[PDB]
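Novice: Sharing a structure, written as C-alpha cells. Questions coming.
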Amino acid sequence: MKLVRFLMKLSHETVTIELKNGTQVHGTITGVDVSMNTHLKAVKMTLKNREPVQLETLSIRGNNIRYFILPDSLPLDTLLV
Amino acid sequence: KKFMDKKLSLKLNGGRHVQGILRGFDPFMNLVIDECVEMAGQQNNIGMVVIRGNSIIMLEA
Amino acid sequence: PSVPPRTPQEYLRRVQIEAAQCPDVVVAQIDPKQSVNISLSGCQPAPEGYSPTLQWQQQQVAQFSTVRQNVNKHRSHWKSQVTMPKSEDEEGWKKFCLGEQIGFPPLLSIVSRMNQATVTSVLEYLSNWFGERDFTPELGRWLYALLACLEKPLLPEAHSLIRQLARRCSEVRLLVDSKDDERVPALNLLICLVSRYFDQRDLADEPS
Amino acid sequence: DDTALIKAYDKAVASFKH
Amino acid sequence: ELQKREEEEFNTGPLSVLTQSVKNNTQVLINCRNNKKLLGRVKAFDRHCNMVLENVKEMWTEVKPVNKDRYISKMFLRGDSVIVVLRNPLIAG
Amino acid sequence: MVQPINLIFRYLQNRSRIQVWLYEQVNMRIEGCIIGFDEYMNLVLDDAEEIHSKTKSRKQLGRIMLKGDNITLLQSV
Amino acid sequence: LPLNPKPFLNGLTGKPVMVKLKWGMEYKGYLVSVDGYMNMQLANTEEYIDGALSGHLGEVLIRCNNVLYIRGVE
C-alpha cells in the first residue's frame, strides 16, 4: 500500500491515461483516492474512431485504468519516499 | 435481504443467466440455489449449485 | 484433534494452522535459448556537424506550439470559406497534396476542414510516398502542416506513425554531403517536433 | 493569411543557422 | 518492524524478478493486457505489481503484420494490467 | 438456509465430482473431485478435466489447483 | 488425506509445471519459486497459445490474480 501513496501526491500534475478500452485521456489531476480513482479537470479524450472531446472535468474508476503516462519533468526519486 | 425460498432468475457475467429458488446466502453475497436450470437455446437443470457475490449482474424474481 | 472436522469453520481454521506450518515462500534451486523480440530502430544520429543545438531545438518547439495555438483558435472560421479526396484514397491524396496537377499547398482553409482520422490517414499516405521518393519542400510543408493539425493526446498508432516518419528523416539525412543541402533544415526540424514536441525523446538528437 | 502555415514552415526551415 | 520480512520476501520469491531491475538498473519485458508489450526499467513496485517505470517502449504488431512502437518516459502501471514479466528479455533490431 | 461454505464442505466430505463455472471464460468449464480448499476458495482438484463447449471435448489435467477468484459457480456431477 | 492448496503448491516447486491463465494462454516451465500470495516464478518457460508453442521466455514472473490453475507435469 505504498505505490498508491505515490499517486496521491500527484495533484496538479497533468497526465495521460490509457483506459482499458484504449482511450487516451489527457487531463490535470484534481485528486487520486486510495483505490486509484482519479478526478481530472481540463480533459481531452482521444477515441478510436471519433473526434476528440473536451470536458471541464472527468472522474475515472481506478479499475478502468491501464496506466498513467507521467510528465517527463516529474521528479521520481523525490516522490518515492 | 428478505428473499428466501422464492424462485429467482439470475444473470451472471459473461452473459449467462440462470433460474432457481434461493435456499441460502453468505455475507460475501455468495448464495445457494436449488433446482436451478441454465437457460441457454433450451435449458436444463443443475440441481443445487453455488454462486459468487460477483458474477451476478442482475437478479429478478 | 484426530477426529475429522465437522464444520467448515473448523476445517478453515484447521487449514490455517497448517498453512503457518508451511514456509511462506520457497525457492527451488535447479541445475542446467529464447525467442527474440524484434524492436524497431531508434533514430540515426546526425553526421557530425549536422546536429542542431538544443537552443534551436527548444526554440522551435516553443514556436511550433504557438502555431498550433492559432491554428486551433481559427479552425471554425476557415472551416467555411479542390474536391478533397476521400479519406481512404491514398493515391488521390498523394496526387492531391503533391501532384505529378502540381499539388495543393496545405492552406488553413483546406487543413482546417480535416478531421482527426483523416489527418492521421494522410500522414501515412505521405509517409509511404516519402519512403519511395525524394523529400521535397512540398512534402515538408504538408508534413509540417498536418503535424500542426494533430491533437494530443495522440492515439498510440499515431505515435508510431510519426515515429516511423522521424526514423526515415534521419536515414535520409545520411545521404547528404553539404550543409547547404536543402533537406537538412527540414529533416532536422521534423525530427525535432516529433522528438521534443510529441514526447518521443528517445528519437531526439541530444548533441555531441 | 490562408497560407500562414506554409509561411510558418518556411520561417522555421529558414530559422536554421549552423 | 515486522514489515522487514516483506523485503526479504522480495529479494527471493517470484517478485525478485522486479527487484532485480530496481537493484541493477536492468530492463524487463512485461506482457500487458492491452495485448502489447512493455520494455522498461522498474523504478519501484509493490506486492500487487503496481509499478513505476522508466524508458518504456510500448511494442505491438498490427496489420502481413507490421511492428509498431511508441515511447514513454515515465509511467505508472497498474498491476492488474500485467500478465507476465520476463527477467533478462532478449531484444534485437 | 445453508450458507454455501457448508455446501462446498459437503462436496469435500463426499469427495463429490463437481463442475466449475469460470469467471473470465464462458466457452469452458472445469470438472474434478475436490480434495482440499481454503478461505480464498482455492481448490485442489483431483482427476480434473477441461470441458469445452460446443466441441464436446474433455482434456485430462490430473491434479490441479484452481484459483478462487476464477469461480462463478459450482455444481455437482 | 485432504490436500490443501498451499501445501500442494509448495509441493510443485522444483518441478515442471503447466500454468494456465484466466485469459487462455498457458505457460510450461520449472517452478523455481512461489510466495504468500501465490505469485510464481518459472524458468525455461514455454509459450502455448491456443495449444501452440509460441515462444521460449526463459525466466518469467506470473502475477497471481492471473492464474486460473496450475498443475504438475513430467
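Chain labels run A, B, ... following the order of the C-alpha cells; each chain numbers its residues from 1, and ligands are numbered from 1 in the order shown.
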List every residue of chain F that DSSP, applied to the backbone of this structure, places in strand (DSSP E or B), and write the result as a VMD selection string.
Specialist: chain F and resid 17 to 22 28 to 37 43 to 52 58 to 66 71 to 76
Novice: For chain G, list the residues within 7 Å of chain C, counting only C-alpha atoms, and write the list as a ChimeraX atom specification.
Specialist: /G:6,13-14,32-36,55-58
Novice: For the residues selected in the previous step, produce a file with N, CA, C and O atoms as a JSON list (two decimals), in the first residue's frame.
Specialist:
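What landed in part_9.json:
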```json
[["chain", "number", "residue", "atom", "x", "y", "z"],
["G", 6, "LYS", "N", -2.04, -24.55, -0.35],
["G", 6, "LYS", "CA", -0.66, -24.12, -0.16],
["G", 6, "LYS", "C", 0.29, -25.31, -0.19],
["G", 6, "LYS", "O", 1.31, -25.27, -0.87],
["G", 13, "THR", "N", 7.13, -27.17, -6.33],
["G", 13, "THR", "CA", 8.31, -26.40, -6.60],
["G", 13, "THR", "C", 9.45, -27.28, -7.02],
["G", 13, "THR", "O", 9.58, -28.40, -6.56],
["G", 14, "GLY", "N", 10.25, -26.78, -7.94],
["G", 14, "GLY", "CA", 11.39, -27.52, -8.42],
["G", 14, "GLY", "C", 11.04, -28.52, -9.49],
["G", 14, "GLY", "O", 11.89, -29.27, -9.92],
["G", 32, "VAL", "N", 10.43, -22.40, -10.20],
["G", 32, "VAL", "CA", 11.55, -22.03, -9.39],
["G", 32, "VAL", "C", 11.14, -21.55, -8.02],
["G", 32, "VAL", "O", 11.79, -21.83, -7.05],
["G", 33, "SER", "N", 10.07, -20.76, -7.95],
["G", 33, "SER", "CA", 9.73, -20.19, -6.68],
["G", 33, "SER", "C", 8.28, -19.78, -6.57],
["G", 33, "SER", "O", 7.58, -19.69, -7.57],
["G", 34, "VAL", "N", 7.86, -19.52, -5.34],
["G", 34, "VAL", "CA", 6.49, -19.18, -5.01],
["G", 34, "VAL", "C", 6.43, -18.46, -3.68],
["G", 34, "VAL", "O", 7.34, -18.56, -2.87],
["G", 35, "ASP", "N", 5.36, -17.71, -3.46],
["G", 35, "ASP", "CA", 5.26, -16.87, -2.28],
["G", 35, "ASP", "C", 3.85, -16.83, -1.71],
["G", 35, "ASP", "O", 2.94, -17.53, -2.17],
["G", 36, "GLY", "N", 3.67, -15.97, -0.71],
["G", 36, "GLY", "CA", 2.47, -15.99, 0.09],
["G", 36, "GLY", "C", 1.22, -15.84, -0.73],
["G", 36, "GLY", "O", 0.23, -16.54, -0.52],
["G", 55, "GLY", "N", 6.48, -19.18, -27.81],
["G", 55, "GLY", "CA", 7.81, -18.64, -27.56],
["G", 55, "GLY", "C", 8.52, -19.30, -26.41],
["G", 55, "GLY", "O", 7.91, -20.03, -25.64],
["G", 56, "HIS", "N", 9.81, -19.06, -26.32],
["G", 56, "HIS", "CA", 10.59, -19.51, -25.19],
["G", 56, "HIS", "C", 11.01, -18.29, -24.44],
["G", 56, "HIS", "O", 11.77, -17.50, -24.98],
["G", 57, "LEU", "N", 10.55, -18.12, -23.21],
["G", 57, "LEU", "CA", 10.76, -16.87, -22.49],
["G", 57, "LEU", "C", 11.81, -16.91, -21.40],
["G", 57, "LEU", "O", 12.02, -15.90, -20.73],
["G", 58, "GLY", "N", 12.44, -18.04, -21.19],
["G", 58, "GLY", "CA", 13.37, -18.12, -20.07],
["G", 58, "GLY", "C", 12.66, -17.88, -18.75],
["G", 58, "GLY", "O", 11.62, -18.49, -18.48]]
```
Novice: Listing only residues of chain A within 10 Å of chain E, what is the closest atom pair and its distance in Å (to one decimal) for each, using only C-alpha atoms, sorted by chain and residue number ascending, as a tab-separated table?
Specialist:
```
residue	atom	partner	partner_atom	distance
A:1	CA	E:46	CA	7.2
A:2	CA	E:46	CA	6.8
A:3	CA	E:46	CA	6.1
A:4	CA	E:50	CA	8.2
A:6	CA	E:52	CA	9.7
A:7	CA	E:76	CA	8.3
A:15	CA	E:75	CA	9.7
A:16	CA	E:75	CA	9.7
A:17	CA	E:76	CA	9.5
A:18	CA	E:34	CA	9.6
A:19	CA	E:34	CA	9.5
A:20	CA	E:34	CA	7.3
A:21	CA	E:34	CA	8.6
A:22	CA	E:34	CA	7.6
A:36	CA	E:78	CA	9.1
A:62	CA	E:78	CA	8.9
A:63	CA	E:80	CA	8.1
A:64	CA	E:80	CA	9.8
A:65	CA	E:78	CA	7.4
A:66	CA	E:81	CA	5.8
A:67	CA	E:77	CA	4.6
A:68	CA	E:76	CA	4.9
A:69	CA	E:75	CA	4.8
A:70	CA	E:74	CA	5.3
A:71	CA	E:74	CA	6.9
A:72	CA	E:73	CA	5.8
A:73	CA	E:74	CA	9.2
A:74	CA	E:74	CA	8.2
A:75	CA	E:74	CA	10.0
A:76	CA	E:43	CA	8.4
A:77	CA	E:43	CA	8.6
A:80	CA	E:44	CA	7.9
```
Novice: Should the cut-off be 6 Å, what would the residue list for chain D against chain C look like, counting only C-alpha atoms, as a list in words?
Specialist: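 Taking only C-alpha atoms into account, residues 2, 3, 6 and 13 of chain D sit within 6 Å of chain C.
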Novice: Selection from above, C-alpha atoms, as a JSON list (two decimals), in the first residue's frame, can you write it?
Specialist:
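Heads up, here's the output in again-v6.json:
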```json
[["chain", "number", "residue", "atom", "x", "y", "z"],
["D", 2, "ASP", "CA", -4.77, 31.50, -45.73],
["D", 3, "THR", "CA", -1.18, 30.36, -46.08],
["D", 6, "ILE", "CA", 3.21, 27.32, -45.47],
["D", 13, "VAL", "CA", 13.30, 25.98, -42.14]]
```
Novice: What residues in chain F have any atom no more than 7 Å from chain C when counting only C-alpha atoms, and can you write them as a VMD selection string?
Specialist: chain F and resid 5 to 6 9 38 to 39
Novice: Please produce a file of the residues just selected, as a PDB file, in the first residue's frame, where the atoms kept are N, CA, C and O atoms.
Specialist:
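Result file selection24.pdb:
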```pdb
ATOM      1  N   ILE F   5     -20.585 -22.300   2.079  1.00  0.00           N
ATOM      2  CA  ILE F   5     -19.410 -22.980   2.551  1.00  0.00           C
ATOM      3  C   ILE F   5     -19.762 -24.427   2.994  1.00  0.00           C
ATOM      4  O   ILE F   5     -19.047 -25.373   2.676  1.00  0.00           O
ATOM      5  N   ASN F   6     -20.896 -24.588   3.678  1.00  0.00           N
ATOM      6  CA  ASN F   6     -21.395 -25.904   4.071  1.00  0.00           C
ATOM      7  C   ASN F   6     -21.567 -26.821   2.862  1.00  0.00           C
ATOM      8  O   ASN F   6     -21.324 -28.032   2.931  1.00  0.00           O
ATOM      9  N   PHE F   9     -18.004 -27.603   1.679  1.00  0.00           N
ATOM     10  CA  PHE F   9     -17.584 -28.590   2.677  1.00  0.00           C
ATOM     11  C   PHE F   9     -18.191 -29.970   2.397  1.00  0.00           C
ATOM     12  O   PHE F   9     -17.474 -30.966   2.319  1.00  0.00           O
ATOM     13  N   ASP F  38      -9.428 -23.654   0.694  1.00  0.00           N
ATOM     14  CA  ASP F  38      -9.102 -22.673   1.735  1.00  0.00           C
ATOM     15  C   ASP F  38     -10.030 -21.447   1.677  1.00  0.00           C
ATOM     16  O   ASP F  38     -10.877 -21.333   0.780  1.00  0.00           O
ATOM     17  N   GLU F  39      -9.834 -20.515   2.601  1.00  0.00           N
ATOM     18  CA  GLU F  39     -10.738 -19.381   2.756  1.00  0.00           C
ATOM     19  C   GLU F  39     -10.841 -18.482   1.528  1.00  0.00           C
ATOM     20  O   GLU F  39     -11.794 -17.730   1.420  1.00  0.00           O
TER      21      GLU F  39
END
```
Novice: Could you give me, as a list in words, the residues within 7 Å of residue 51 (chain B), counting only C-alpha atoms and dropping anything in the same chain fewer than 6 positions from it?
Specialist: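 The filter keeps residues 30, 31 and 32 of chain B; 72, 73 and 74 of chain F.
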Novice: If we count only C-alpha atoms and set the cut-off at 10 Å, which residues sit around residue 15 (chain F), ignoring sequence neighbours fewer than 4 positions away in its own chain? Please answer as a ChimeraX atom specification.
Specialist: /F:9-11,32-36,45-46 /G:2
Novice: Show which residues sit within 9 Å of residue 15 (chain G), as a ChimeraX atom specification. Count only C-alpha atoms, and ignore same-chain residues fewer than 4 positions away.
Specialist: /C:28 /G:11,29-32,72-74
Novice: Do a neighbour search on residue 28 (chain F) at 10 Å with only C-alpha atoms, toss out local chain neighbours closer than 2 positions, and write the hits as an MDAnalysis selection string.
Specialist: chainID F and resid 20:22 24:26 30 50:54 58
Novice: Using CA of residue 200 (chain C) and CA of residue 159 (chain C) as the two end points, give the distance in Å to one decimal.
Specialist: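 So the two atoms, CA of residue 200 (chain C) and CA of residue 159 (chain C), lie 8.3 Å apart.
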Novice: Report as a list in words all protein, DNA and RNA residues lying within 10 Å of residue 1 (chain B), evaluated on only C-alpha atoms, omitting residues in the same chain fewer than 2 positions from it.
Specialist: residues 3, 4 and 25 of chain B
Novice: Keeping only N, CA, C and O atoms, write the selected residues as a PDB file, in the first residue's frame.
Specialist:
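out-v1.pdb, written as the output of this step:
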```
ATOM      1  N   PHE B   3     -35.702 -12.064   0.577  1.00  0.00           N
ATOM      2  CA  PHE B   3     -35.990 -13.126  -0.380  1.00  0.00           C
ATOM      3  C   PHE B   3     -35.425 -14.461   0.091  1.00  0.00           C
ATOM      4  O   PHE B   3     -34.215 -14.610   0.261  1.00  0.00           O
ATOM      5  N   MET B   4     -36.309 -15.432   0.301  1.00  0.00           N
ATOM      6  CA  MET B   4     -35.901 -16.756   0.754  1.00  0.00           C
ATOM      7  C   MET B   4     -36.867 -17.830   0.262  1.00  0.00           C
ATOM      8  O   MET B   4     -38.078 -17.721   0.450  1.00  0.00           O
ATOM      9  N   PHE B  25     -27.639 -17.781   1.646  1.00  0.00           N
ATOM     10  CA  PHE B  25     -26.805 -16.643   1.281  1.00  0.00           C
ATOM     11  C   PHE B  25     -25.722 -16.398   2.326  1.00  0.00           C
ATOM     12  O   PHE B  25     -25.905 -16.696   3.506  1.00  0.00           O
TER      13      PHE B  25
END
```
Novice: Take CA of residue 9 (chain G) and CA of residue 65 (chain F) and report the distance between them in Å, one decimal.
Specialist: 7.7 Å
Novice: Hey, could you make a per-residue contact list for chain B against chain F with 8 Å as the cut-off, showing the nearest pair of atoms and its distance in Å to one decimal, counting only C-alpha atoms, sorted by chain and number, as a tab-separated table?
Specialist:
```
residue	atom	partner	partner_atom	distance
B:12	CA	F:72	CA	7.9
B:13	CA	F:23	CA	7.2
B:14	CA	F:26	CA	6.4
B:23	CA	F:1	CA	5.3
B:24	CA	F:1	CA	4.6
B:25	CA	F:3	CA	5.4
B:26	CA	F:3	CA	5.5
B:30	CA	F:4	CA	7.3
B:31	CA	F:4	CA	6.2
B:32	CA	F:4	CA	5.8
B:46	CA	F:75	CA	6.5
B:47	CA	F:75	CA	7.5
B:48	CA	F:75	CA	6.4
B:49	CA	F:75	CA	4.4
B:50	CA	F:74	CA	5.0
B:51	CA	F:73	CA	4.6
B:52	CA	F:72	CA	5.4
B:54	CA	F:72	CA	7.6
B:55	CA	F:72	CA	5.8
```
Novice: Let me see the file: selected residues, C-alpha atoms, as a CSV table (one decimal), in the first residue's frame.
Specialist:
```csv
chain,number,residue,atom,x,y,z
B,12,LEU,CA,-24.2,-13.9,-14.4
B,13,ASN,CA,-21.4,-12.2,-16.0
B,14,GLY,CA,-20.3,-13.3,-19.5
B,23,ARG,CA,-32.0,-21.7,-0.3
B,24,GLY,CA,-29.1,-19.6,1.3
B,25,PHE,CA,-26.8,-16.6,1.3
B,26,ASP,CA,-23.5,-15.6,2.8
B,30,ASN,CA,-22.5,-15.7,-2.5
B,31,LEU,CA,-25.6,-17.8,-2.4
B,32,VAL,CA,-27.1,-21.2,-2.8
B,46,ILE,CA,-28.1,-28.3,-12.4
B,47,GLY,CA,-29.8,-29.1,-9.1
B,48,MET,CA,-28.1,-27.3,-6.3
B,49,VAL,CA,-25.2,-25.0,-7.0
B,50,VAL,CA,-23.3,-22.2,-5.5
B,51,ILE,CA,-22.8,-18.7,-6.9
B,52,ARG,CA,-20.3,-15.9,-6.2
B,54,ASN,CA,-19.9,-11.0,-8.2
B,55,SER,CA,-20.8,-12.7,-11.5
```
Novice: For residue 23 (chain A), which residue among A:11, A:60, A:5, A:35 is the nearest when counting only C-alpha atoms?
Specialist: A:60
Novice: For chain E against chain C, which residues fall within 12 Å using only C-alpha atoms, given as an MDAnalysis selection string?
Specialist: chainID E and resid 5:6 8:16 29:31 34 36:39 54:63 66:74 86:93
Novice: Check the DSSP output for the backbone and give back, as number ranges by chain, the residues of region 4-75 of chain F in alpha helix (DSSP H).
Specialist: F: 4-13
Novice: At a cut-off of 9 Å, which residues of chain G touch chain F? Count only C-alpha atoms and give the answer as a VMD selection string.
Specialist: chain G and resid 1 to 6 8 to 9 22 to 24 64 to 65 67 to 72
